[PDB]
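Let me begin by presenting the structure, written as structure tokens, before commenting on it.
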Ligand SMILES: Nc1nc2c(ncn2[C@@H]2O[C@H](COP(=O)(O)OP(=O)(O)OP(=O)(O)O)[C@@H](O)[C@H]2O)c(=O)[nH]1
Ligand SMILES: [Mg+2]
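Protein chains in written order, with PDB author numbering: chain B, 8 to 178; chain A, 4 to 622, 667 to 1008, 1014 to 1049, 1059 to 1077.
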């Protein structure tokens, strides 16, 4: 009988590494063929902390193919979300404020951390001084590694901090 | 309506996969026939959890469904919105209804819904609290809906603000009011009553209450406050210190997330860049420094080691550049504080706090000191230029002996920004600090490539600017990188070592000879390499070998014999433009050095060059790669014999098609690549080919000229104006009268280019604005003027009395504006130089013009500058041997020229030009002249230590036997004083040595010639 239950909804444009992100958090491997992620799926994941193993919910929301618009339905009752962006294109960065406006019209405050995938490439387009929107909009930022699994647990640790607020939550 | 809610009750928690795939059947196809409310609103009366996204779907539908909606469809919705406002049970539900009201307020604009105004009055009165806060939130969202449509209501809203001043109550009401003024801020009134105040105590109390409640609410309060000030607000200026004092003293509450510090410091920075003159009136800096000093030396409450305190730190190999910790953005905040204000005396004012910061016993005090050096380190060092130029030359050394070893890194960084911010100070008392720094850095080869990389970046960087000074430093530096050179270590160590080798190579140019044979073995080892994981080291070694080839040439023939194919061979293993960077430069330089030596590897290299620009990469930016390849063809202009004759047609036309592209830098690269074909064809033709080759290359020149001609005025831009100007000057300097074949470039081109300069310029525009992203744009156009200095002389000396020769007269009146006493010394120097080439280019026709312009030259006379006007000073001479009869017109004007000013002489240049001009005047004709007098005076003050252009005067005066002999002892003593010196032109042959044979010189030797010249 585990008491701490927390639903997590991931947000981002389709085909932006979200499926790879969740599948790497499942077992830690990359699958080569690209399939446009459609629909939604649940991946019950429990991670170890000082309070034991804590279970979490996953919502594999993606796919701008269906005629019917249901993208806004998943946004209800969610208390946490994570945002992606690509480092090789300006469109993701200029779409970040659109994601900000839609999330704020969803809820007035939700802990959100800016995260950008596909950093394993040796050449990097989005140079660091460009990344200033989150600071002035009061959004926290972590980085993710596509190979070394850097920040594999620490974004979730930050999520745990915001869930509890007591700084004694450790690995 | 029944089945929908039944689906929702089960699909809300975790839905179903099959229910996820249902979608369109779950949507129930919408099927809108009329759908007023029954299948369009579901009566809006159920459990609100469904009702939020029900309203969301209604919004999505109505965003497009309003094409046939009837009139009896708006009163119903607004009445239902009012009922929902009265029927509220949850905060999120109220938020959703407010959002729906704001987003249904999207159209029909004004002139509608009086009931919102009546609700506005109700909320202003609103003795009941919860309905008051709901009214405040709905007014806030409707204001958010329309940014500035209700300008007349602004006063009303401002008057509404007065009521909001009266209730310092529930935190929700304060949050609503401040987020309301958040959207109010973009109104930018700046003209309403300045009496709008008392908001400061309310926001102080709001953030005070939110410290234990929520950090973020005060956050949005502060960016709201920051957005409030954007223009000349009449009320913020008088009382501003109180809010910053409050925010810092509440930041002294360490029991808070660092975001509090983040946005107090950013709000302070914006307050400063808005204005910073208030601190002139009151001493607000010292309290700020006392406040931030604990921040600079902040200590974790549990003593937790910093992320920079880990010994290993083997993560994030590529690059990190994090700055979220308080110390970093604190040091950038204080640095922008320092740089934003003028120097004045603030640095001497903070010195008494500086030696207080200098107490460094605890390591945290040591980081505090290194950070105060970091902030003091600025672009302008005028304060440190005059006082304590080596201000702390041993404290930086005392920081090396630090067990915490982070003070060493901080000192390394500080020396970094000293190197690339204080240019004059790189030539200072560094005679002893550099070797010990190198020694202790190479004394710790623990494998931490981060410290080695930052050392390589910060060191061996400014010394390259010092050319003569680095030779005494040649030996020791080797036993620095040989500490890790060619030793088993990480590839990062190898790339660092080879980059440093390139750095000292640049610093030492051709002075590498004494120890270079020891670099022969390293070069042979590293060049004969290659592995599946050693790409970056091989690439960097490639461009550093290119730098070696550029720096030292002919002495490298034994080294130049190889590398013709060994480096070339290692390209087929992997195909990548990144892998192909700078590869063209090395073989290009090899071709330039060999001449015909590239004949064996001449065709395959051409094919590999061809298969670099055909790639459709483009067809701060990813396209920059192309530029590199483009630069390759530039070197082809140096020396390629005539092997490119069939190759040129293979590329040029495609390169022609590359002159047009939206990207500016690729256009600049293409244009500078075009700028070298003139030299290529000219060097091909000078090496005597057959006459058919001459005709073919002349036809090529004729077809290529219009490509340059079309760019004389078609361009509408600033950045490429320079490039086109030097390219046209070079192509004109790379040719001659053969470019004069089309009789349209003689006057029309010259007139167009003259009209382009100064006024009537295509670029000199002001009506258009900059809606795109801007840049530094530091008014480069002014320098363009002096760049135009080389525009005139290009083929200027090619008419000599042609039909277009008296064309400069069209530009003559504008030059008058140059000589008016309303410009700077640079403008006068530009004008006098330009007139110098115009007068030296032509003859009698220009001689009469300059004769008529002589009163202007006399008006210029002698200004207060050691190096101005010298161009005309020798211009009188150059016209003295020019013109002919115009020179004979004005002998009295020619002689004299306010000669007594030789006593005023302070600079060598003006003396040399005066002497040369007078020599030309004297030797123009063997006639009477001042002779012994001015001649003796100029001989007396004749060191001629820097007359690097007027050896021709000395050569021509020699053996030119008017009067004879003249003052022989003076010239004899002067030439004996000159004596054997550095490299000299053919001037010195027949320097009156044989004329001694005269009799007086032999009998009366000048002082004592036997000291060095016993016989000769
Ligand atoms: N092929 C491959 N791609 C990788 C790998 N690691 C990261 N990537 C990046 O992932 C991208 C794959 O594209 P997609 O299949 O559409 O994955 P995605 O961009 O995250 O889109 P979604 O799958 O919808 O989330 C490539 O462009 C790579 O930049 C890898 O190991 N193999
Ligand atoms: Mg993916």
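Even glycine gets a Cβ: it sits at the ideal position worked out from N, Cα and C.
The alpha carbon of residue 332 of chain A has as its nearest neighbour, out of A/263, A/397 and A/344, the alpha carbon of A/263. Exclusion of residue 578 of chain A from the 7 angstroms shell around ligand 1 follows from its C-beta lying no nearer than that to any non-hydrogen atom of the ligand. In the three-state DSSP reduction, residue 120 of chain B falls in the strand class (E or B). Using beta-carbon distances, residue 93 of chain B does not count as an interface residue toward chain A, since no partner is under 8 angstroms. Within chain B, the C-beta atoms nearer than 8 angstroms to that of residue 30 of chain A come from 75 and 77, in chain order. A contact is defined here as three or more CB-CB pairs under 8 angstroms, and the segment 44-59 of chain B fails this definition with respect to the segment 87-102 of chain B. Residue side-chain check: residue 27 of chain B places its Cβ nearer than 7 angstroms to a non-hydrogen atom of ligand 2. Counting C-beta pairs closer than 8 angstroms gives fewer than three between the segment 301-308 of chain A and the segment 122-141 of chain B, which falls short of the contact rule.
Residue contact with chain A for residue 119 of chain B: absent (no Cβ-Cβ distance below 8 angstroms to any residue of chain A).
DSSP links residue 53 of chain B through a beta bridge to B/62.
Listed along chain B, the residues sitting closer than 7 angstroms to residue 219 of chain A by beta-carbon distance are 116 and 145. At a cut-off of 7 angstroms, the beta-carbon of residue 24 of chain B counts as near ligand 2: some heavy atom of the ligand is closer than that. A direct Cα-Cα distance of roughly 15 angstroms separates residue 109 of chain A from residue 70 of chain A.
For residue 165 of chain B, the closest C-alpha among the options B/17, B/118 and B/8 is that of B/118. Residue 477 of chain A sits close to residue 517 of chain A, with the two beta carbons spaced by under 8 angstroms. For residue 10 of chain B, there is no enclosing beta strand (DSSP E), as DSSP gives it neither H nor E.
Distances from the alpha-carbon of residue 75 of chain B to those of A/64, A/555, A/73 and A/74 put A/64 closest.
When DSSP assignments are scanned along the segment 539-612 of chain A, the uninterrupted stretches of alpha helix (DSSP H) that are 4 or more residues long and fall wholly within it turn out to be 560-563, 569-572 and 586-597. Non-local beta-carbon contacts of residue 767 of chain A in its own chain, meaning distances under 8 angstroms to residues more than five positions away in sequence, involve 711, 714, 715 and 718 in chain order. Of the candidates A/860, A/790 and A/752, A/752 places its Cα closest to the Cα of residue 782 of chain A. Here residue 147 of chain B carries a strand assignment [DSSP, helix/strand/coil]. When the beta-carbon positions are compared, residue 798 of chain A and residue 725 of chain A stay at least 8 angstroms from each other.
In this structure, the straight-line span from the alpha carbon of residue 161 of chain A to that of residue 202 of chain A is close to 12 angstroms.
Within the DSSP secondary-structure output, residue 18 of chain B pairs in a beta bridge with B/90. The beta carbon of residue 192 of chain A sits closer than 7 angstroms to those of 157, all from its chain and outside the five residues before and after it, given in chain order.
The alpha-carbon of residue 29 of chain B is positioned some 44 angstroms away from that of residue 134 of chain A. Among the residues of chain A, those whose CB is under 7 angstroms from the CB of residue 47 of chain B are 23, following chain order.
By the Cβ criterion, the segment 233-250 of chain A is in contact with the segment 203-212 of chain A, since at least three pairs of Cβ atoms, one from each stretch, lie closer than 8 angstroms.
Residue-level contact check: residue 65 of chain A does not touch chain B, since none of the beta carbons of chain B fall below 8 angstroms from its beta carbon. Within the same chain, Cβ atoms closer than 6 angstroms to the Cβ of residue 844 of chain A are found at 888, the five residues on either side in sequence being excluded. For residue 834 of chain A, the closest alpha carbon among the candidates A/432, A/911, A/682 and A/878 is that of A/878. The C-beta of residue 960 of chain A has 16 or more other C-beta atoms within 10 Å across all chains shown, which makes the residue buried.
The distance from the Cβ of residue 37 of chain B to that of residue 27 of chain B is about 6 angstroms, consistent with a contact at the 8 angstroms cut-off. For residue 52 of chain B, same chain residues with a beta-carbon under 6 angstroms away, outside a window of 5 residues either side, are 63 in chain order. Taken atom to atom, the span from the alpha-carbon of residue 469 of chain A to that of residue 380 of chain A is near 21 angstroms. For residue 85 of chain B, none of the residues of chain A pass the 9 angstroms Cβ criterion, the least Cβ distance being about 12 angstroms.
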